[PDB]
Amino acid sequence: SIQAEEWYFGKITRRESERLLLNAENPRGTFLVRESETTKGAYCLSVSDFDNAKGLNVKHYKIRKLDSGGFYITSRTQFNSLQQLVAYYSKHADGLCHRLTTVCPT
């Protein structure tokens, strides 16, 4: 159950995800997964980043789920579950702003 996952914040807004992530104590890769405001059946992986150009900032990645079963940000790299997706991106940055590190504090 994704609702069982501590990083799954459910039905929170994009502005709210940003408020929680834009905390000076959050290292790069601090994250949370929430429902998408705009796409039914889709989720959003919100991630904190930091660089000298932009300072502390947030990136949002749409996660799609096939009726066929797979979860993915890019269709070339799919997972059998949202949890396997989160585990993969915690080890590989690939196209993300940073690999996922720890769950966002509320």
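Basically, rigid core = biggest C-alpha set you can superpose within 1.5 Å across the two forms. Don't overthink the numbering: it's just position in the shown sequence, from 1.
- After superposition on the rigid core, the larger root-mean-square Cα deviation in 6 other deposited structures of this protein belongs to 53-61, not to the other of 27-35 and 53-61.
- Taken in 6 other deposited structures of this protein and fitted on the core, 86-94 and 18-26 differ in how far their Cα atoms move from the shown form, and the one that moves more is 18-26.
- Legend: mean Cα B-factor per stretch from the PDB entry, 93-101 versus 19-27; the higher mean is in 19-27.
- Note on 44-52 vs 66-74: mean CA B-factor is higher in 66-74.
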